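Structure record follows, encoded as structure tokens.
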Amino acid sequence: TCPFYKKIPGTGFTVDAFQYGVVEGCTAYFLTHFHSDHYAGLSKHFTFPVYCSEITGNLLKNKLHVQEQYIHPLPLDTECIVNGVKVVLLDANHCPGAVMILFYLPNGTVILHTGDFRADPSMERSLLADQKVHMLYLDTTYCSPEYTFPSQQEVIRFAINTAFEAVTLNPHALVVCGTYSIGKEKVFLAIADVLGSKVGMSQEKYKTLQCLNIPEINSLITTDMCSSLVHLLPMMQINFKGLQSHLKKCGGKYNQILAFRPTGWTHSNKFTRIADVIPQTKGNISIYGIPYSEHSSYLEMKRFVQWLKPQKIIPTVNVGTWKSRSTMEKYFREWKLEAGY
Ligand code: NI
């Protein structure tokens with residue numbers, strides 16, 4: 001049965017609630033982004049209206065075969081009316097097509113659902129600036145002070161410099177990047193760009209990336225692995241056995257692999273700067289774990305909430321244990337007391 005934190009009070013709406021069957025008294029189903037924990041349960045047999053971004057709608061049509069008559073894409077940053085309620089979709093700075101949802105209830109309550117997000121000060125100048133928010137449904141994935149990570153920009157700098165150096169030293173090295181869902185495309189695209197290569201991948205993954213509008217994508221990606229020196233593989237194959245096997249498959253075109261595994265967080269961040277990251281090496285295979293996050297760090301989240309000053313916070317992540325929930329509620333109290341709301 002659908003949890004309370006996926007239900008929007010005073011509406012017939014749910015958010016990211018497709019794995020519960022027919023939710024009682026739900027007239028419109030919103031989807032914040034195309035990740036499996038959120039879309040779990042959509043298919044060609046779905047016949048309720050689905051409201052989402054254009055990119056997320058492209059993916060529903062093409063990857064899940066949801067019928068076009070049930071897909072209701074909305075433009076971003078635009079006041080729209082759904083079943084008589086004013087709504088706005090805002091950029092969530094997560095994966096391609098990911099949104100936050102602003103709801104303007106008939107009685108005057110204003111509700112922000114972040115979906116999955118990485119808070120950024122640029123959000124302090126969207127349609128959020130213009131009015132008060134009574135309730136915030138907050139992505140609390142990394143809601144603890146140990147979660148510190150660098151900007152995406154520093155992480156990409158590190159990756160580009162590392163790959164450029166390795167291939168300059170050895171023109172027969174192959175670079176591999178791991179993936180398991182849309183998101184984090186900049187990692188592999190920035191590397192390919194500095195090396196003067198396209199990124200090679202499976203037909204299925206290429207199809208997925210074509211659904212995303214990215215400009216100049218016919219330009220950066222390909223299914224011809226032979227002509228590419230940046231290959232994309234499933235995250236599961238990013239280990240020494242998987243990569244030795246892949247290397248065998250390339251037919252003596254390459255003699256070394258440098259592989260990247262973009263991860264959310266790893267406790268090396270407690271003791272180490274990005275500059276100081278080193279790989280795991282075995283034979284002619286090196287694996288770098290890099291902290292490329294598409295969720296807010298603790299401090300980024302804190303800042304966003306102390307700016308917004310919501311009257312009530314409802315966590316959507318880490319809600320399954322009493323110790324987690326209690327920990328989060330203690331932080332929310334601190335933030336409020338420090339900011340004076
Ligand atoms: Ni997500």
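The chains in the structure tokens are called A, B, ... from first to last as shown; in each chain the residues are counted from 1, and the ligands are counted from 1 in the order shown.
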Quick one: residues within 10 Å of ligand 1, with only C-alpha atoms and all ligand atoms, as a PyMOL selection string? chain A and resi 32-38+94-95+98+115-117+139+141+181-183+294-295
What are the nearest atom pairs, with distances in Å to one decimal, for all residues of region 103-189 of chain A that come at most 8 Å from region 241-255 of chain A, using only C-alpha atoms, set out by chain and rising residue number as a tab-separated table?
residue	atom	partner	partner_atom	distance
A:172	CA	A:254	CA	4.8
A:173	CA	A:254	CA	5.5
A:174	CA	A:254	CA	6.2
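Residues surrounding region 333-341 of chain A within 8 Å are residues 302, 305, 306 and 309 of chain A [only C-alpha atoms; sequence separation below 6 positions excluded].
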Between CA of residue 297 (chain A) and CA of residue 93 (chain A), what is the spacing in Å?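 Computing it gives 12.8 Å between the two atoms.
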Taking the chain letters and numbering used in this document, name the residues of region 19-132 of chain A that DSSP puts in helix (DSSP H, G or I), as a ChimeraX atom specification. /A:36-39,54-63,68-70,121-125
What does the file look like for those residues with N, CA, C and O atoms, as a compact mmCIF listing (two decimals), in the first residue's frame?
# COMPACT_ATOMS: atom_id res chain seq x y z
N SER A 36 14.64 3.35 -11.80
CA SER A 36 13.78 2.17 -11.61
C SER A 36 13.04 2.13 -10.25
O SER A 36 11.90 1.70 -10.20
N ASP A 37 13.67 2.57 -9.17
CA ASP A 37 13.00 2.72 -7.88
C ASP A 37 11.83 3.71 -7.87
O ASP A 37 10.99 3.68 -6.93
N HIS A 38 11.81 4.61 -8.85
CA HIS A 38 10.70 5.57 -8.98
C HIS A 38 9.66 5.14 -9.98
O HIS A 38 8.46 5.27 -9.68
N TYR A 39 10.06 4.62 -11.13
CA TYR A 39 9.08 4.19 -12.18
C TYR A 39 8.55 2.74 -11.98
O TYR A 39 7.61 2.37 -12.67
N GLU A 54 9.32 16.36 -20.56
CA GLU A 54 9.44 15.85 -21.95
C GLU A 54 10.43 14.66 -22.12
O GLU A 54 10.13 13.65 -22.79
N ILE A 55 11.62 14.78 -21.50
CA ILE A 55 12.65 13.74 -21.61
C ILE A 55 12.12 12.47 -20.92
O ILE A 55 12.22 11.38 -21.47
N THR A 56 11.57 12.60 -19.70
CA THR A 56 11.02 11.41 -19.02
C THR A 56 9.88 10.75 -19.88
O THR A 56 9.78 9.51 -19.98
N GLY A 57 9.10 11.58 -20.57
CA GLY A 57 8.01 11.09 -21.47
C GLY A 57 8.55 10.34 -22.69
O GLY A 57 8.01 9.26 -23.06
N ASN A 58 9.63 10.84 -23.27
CA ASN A 58 10.38 10.11 -24.33
C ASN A 58 10.84 8.75 -23.93
O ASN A 58 10.77 7.78 -24.70
N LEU A 59 11.34 8.65 -22.71
CA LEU A 59 11.79 7.38 -22.17
C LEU A 59 10.63 6.41 -21.85
O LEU A 59 10.76 5.15 -22.02
N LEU A 60 9.52 6.94 -21.34
CA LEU A 60 8.31 6.09 -21.09
C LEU A 60 7.79 5.46 -22.42
O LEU A 60 7.52 4.28 -22.50
N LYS A 61 7.68 6.29 -23.41
CA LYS A 61 7.19 5.87 -24.73
C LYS A 61 8.10 4.83 -25.34
O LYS A 61 7.65 3.75 -25.77
N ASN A 62 9.39 5.15 -25.38
CA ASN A 62 10.36 4.32 -26.08
C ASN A 62 10.91 3.14 -25.32
O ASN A 62 11.06 2.06 -25.91
N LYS A 63 11.18 3.28 -24.02
CA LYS A 63 11.81 2.16 -23.31
C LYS A 63 10.81 1.22 -22.62
O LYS A 63 11.11 -0.01 -22.48
N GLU A 68 1.14 6.63 -25.89
CA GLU A 68 1.28 8.08 -25.99
C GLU A 68 0.09 8.84 -25.41
O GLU A 68 0.26 9.88 -24.75
N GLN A 69 -1.12 8.31 -25.62
CA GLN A 69 -2.35 8.94 -25.08
C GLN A 69 -2.40 9.10 -23.53
O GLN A 69 -3.12 9.95 -23.00
N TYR A 70 -1.66 8.27 -22.81
CA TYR A 70 -1.53 8.43 -21.38
C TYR A 70 -0.32 9.26 -20.88
O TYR A 70 -0.22 9.49 -19.68
N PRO A 121 22.77 26.71 -5.51
CA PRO A 121 22.27 28.09 -5.33
C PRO A 121 21.56 28.64 -6.55
O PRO A 121 20.74 29.56 -6.40
N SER A 122 21.85 28.13 -7.74
CA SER A 122 21.05 28.52 -8.90
C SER A 122 19.50 28.33 -8.75
O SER A 122 18.76 28.99 -9.44
N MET A 123 19.05 27.40 -7.88
CA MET A 123 17.66 27.17 -7.64
C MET A 123 17.00 28.35 -6.89
O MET A 123 15.78 28.51 -6.93
N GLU A 124 17.81 29.15 -6.20
CA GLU A 124 17.35 30.30 -5.41
C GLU A 124 16.86 31.46 -6.33
O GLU A 124 16.36 32.52 -5.82
N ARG A 125 16.95 31.26 -7.65
CA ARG A 125 16.45 32.17 -8.66
C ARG A 125 15.60 31.52 -9.76
O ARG A 125 15.75 31.81 -10.93
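Residue nearest residue 6 (chain A), chosen from A:114, A:109, A:151, A:162 and counting only C-alpha atoms: A:114.
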One number please: CA of residue 48 (chain A) to CA of residue 67 (chain A), in Å, one decimal. 10.3 Å
Nearby residues (only C-alpha atoms) at most 9 Å from residue 164 (chain A), same-chain spacing under 4 positions excluded, as a list in words: residues 159, 160, 168, 169, 191, 194 and 195 of chain A
Writer output for current selection, N, CA and C atoms, as a short mmCIF file (atom, residue, chain, number, x, y, z; two decimals), in the first residue's frame:
data_model
loop_
_atom_site.label_atom_id
_atom_site.label_comp_id
_atom_site.auth_asym_id
_atom_site.auth_seq_id
_atom_site.Cartn_x
_atom_site.Cartn_y
_atom_site.Cartn_z
N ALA A 159 38.98 13.51 -13.72
CA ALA A 159 38.84 12.40 -14.67
C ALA A 159 39.50 12.68 -16.04
N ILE A 160 39.22 13.86 -16.57
CA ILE A 160 39.82 14.28 -17.88
C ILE A 160 41.37 14.28 -17.85
N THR A 168 47.97 9.43 -23.53
CA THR A 168 49.18 10.08 -24.09
C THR A 168 50.45 9.25 -23.84
N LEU A 169 50.61 8.71 -22.63
CA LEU A 169 51.70 7.82 -22.28
C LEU A 169 51.64 6.46 -22.98
N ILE A 191 35.48 12.82 -21.07
CA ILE A 191 36.65 12.03 -21.34
C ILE A 191 36.77 11.85 -22.88
N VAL A 194 38.04 15.03 -24.69
CA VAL A 194 39.44 15.40 -24.55
C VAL A 194 40.38 14.44 -25.34
N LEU A 195 39.96 13.19 -25.50
CA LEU A 195 40.69 12.21 -26.28
C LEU A 195 40.44 12.23 -27.78
#
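If you measure from each of A:152, A:27, A:321, A:268 to residue 185 (chain A) using only C-alpha atoms, the closest one turns out to be A:152.
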Of the candidates A:176, A:220, A:143, A:40, which shows the shortest atom-to-atom distance to residue 316 (chain A), using only C-alpha atoms? A:143
Could you check which of A:326, A:144, A:110, A:9 is closest to residue 87 (chain A), using only C-alpha atoms?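 Nearest to residue 87 (chain A): A:110.
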May I have all residues of region 57-250 of chain A that DSSP, computed from the backbone, assigns to strand (DSSP E or B), given as a VMD selection string? chain A and resid 71 to 73 80 to 82 85 to 91 99 to 104 110 to 113 135 to 138 173 to 179 199 to 200 221 to 222 230 to 234
Using only C-alpha atoms, which residue out of A:136, A:179, A:4, A:24 lies closest to residue 308 (chain A)? A:136
Mind giving me the straight-line distance from CA of residue 215 (chain A) to CA of residue 235 (chain A) in Å, one decimal?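 Interatomic distance here is 25.1 Å.
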Between A:314, A:155, A:64, A:101, single out the one closest to residue 46 (chain A), counting only C-alpha atoms.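 Once distances to residue 46 (chain A) are computed over only C-alpha atoms, the minimum belongs to A:64.
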Mind checking which residues fall within 8 Å of region 197-201 of chain A, counting only C-alpha atoms, ignoring those fewer than 5 positions away in the same chain, and posting them as a PyMOL selection string? chain A and resi 188-189+192+206+219-225+227-233
Limited to N, CA and C atoms, could you put the picked residues into a file as a short mmCIF file (atom, residue, chain, number, x, y, z; two decimals), in the first residue's frame?
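Just written: part_18.cif:
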data_model
loop_
_atom_site.label_atom_id
_atom_site.label_comp_id
_atom_site.auth_asym_id
_atom_site.auth_seq_id
_atom_site.Cartn_x
_atom_site.Cartn_y
_atom_site.Cartn_z
N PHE A 188 31.64 10.27 -18.98
CA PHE A 188 32.14 9.63 -20.16
C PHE A 188 32.20 10.60 -21.35
N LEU A 189 31.32 11.60 -21.38
CA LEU A 189 31.32 12.47 -22.56
C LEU A 189 32.54 13.40 -22.50
N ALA A 192 35.66 11.46 -23.51
CA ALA A 192 35.72 11.16 -24.96
C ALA A 192 36.17 12.46 -25.70
N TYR A 206 22.76 3.05 -26.34
CA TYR A 206 22.70 4.08 -27.37
C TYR A 206 21.23 4.60 -27.58
N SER A 219 27.02 13.19 -32.44
CA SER A 219 28.44 13.56 -32.38
C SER A 219 29.29 12.92 -31.31
N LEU A 220 28.76 12.54 -30.12
CA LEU A 220 29.62 12.01 -29.03
C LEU A 220 29.52 10.48 -28.81
N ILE A 221 28.51 9.80 -29.35
CA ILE A 221 28.23 8.40 -28.97
C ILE A 221 28.12 7.48 -30.21
N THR A 222 28.32 6.17 -30.05
CA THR A 222 28.30 5.25 -31.19
C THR A 222 28.10 3.85 -30.69
N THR A 223 27.62 2.98 -31.58
CA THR A 223 27.63 1.50 -31.35
C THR A 223 28.82 0.78 -31.96
N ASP A 224 29.69 1.52 -32.65
CA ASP A 224 30.91 0.92 -33.22
C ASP A 224 32.01 0.94 -32.19
N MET A 225 32.16 -0.15 -31.48
CA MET A 225 33.15 -0.25 -30.42
C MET A 225 34.57 -0.16 -31.01
N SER A 227 35.93 1.56 -33.42
CA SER A 227 36.45 2.86 -33.68
C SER A 227 36.53 3.77 -32.43
N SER A 228 36.22 3.24 -31.27
CA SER A 228 36.10 4.03 -30.05
C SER A 228 37.23 3.65 -29.05
N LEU A 229 37.81 4.61 -28.32
CA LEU A 229 38.67 4.26 -27.18
C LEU A 229 38.15 4.62 -25.79
N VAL A 230 36.86 4.94 -25.73
CA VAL A 230 36.14 5.07 -24.46
C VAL A 230 34.97 4.12 -24.63
N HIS A 231 34.90 3.07 -23.81
CA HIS A 231 33.78 2.11 -23.84
C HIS A 231 32.94 2.21 -22.58
N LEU A 232 31.63 2.09 -22.74
CA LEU A 232 30.70 2.08 -21.59
C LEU A 232 30.27 0.66 -21.33
N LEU A 233 30.29 0.26 -20.07
CA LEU A 233 29.90 -1.11 -19.71
C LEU A 233 28.95 -1.04 -18.52
#
List the neighbours of residue 148 (chain A) out to 9 Å using only C-alpha atoms; skip same-chain residues closer than 4 positions along the sequence, and give me the result as a VMD selection string. chain A and resid 142 144 265 269 to 270 297 to 299
Tell me which protein, DNA and RNA residues are within 8 Å of residue 13 (chain A), counting only C-alpha atoms, leaving out same-chain ones fewer than 2 positions away, and put them as a ChimeraX atom specification. /A:7-8,11,15,26-30
Store the residues of this selection in a file with C-alpha atoms, as a short mmCIF file (atom, residue, chain, number, x, y, z; two decimals), in the first residue's frame.
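Everything below was put into result_5.cif:
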data_model
loop_
_atom_site.label_atom_id
_atom_site.label_comp_id
_atom_site.auth_asym_id
_atom_site.auth_seq_id
_atom_site.Cartn_x
_atom_site.Cartn_y
_atom_site.Cartn_z
CA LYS A 7 0.65 11.39 -1.41
CA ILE A 8 -0.13 15.09 -1.94
CA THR A 11 -5.42 16.59 -4.27
CA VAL A 15 4.37 11.11 -6.83
CA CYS A 26 -5.56 8.83 -7.19
CA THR A 27 -6.64 10.63 -10.37
CA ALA A 28 -3.12 11.64 -11.66
CA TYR A 29 0.23 9.92 -11.24
CA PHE A 30 3.32 12.18 -11.35
#
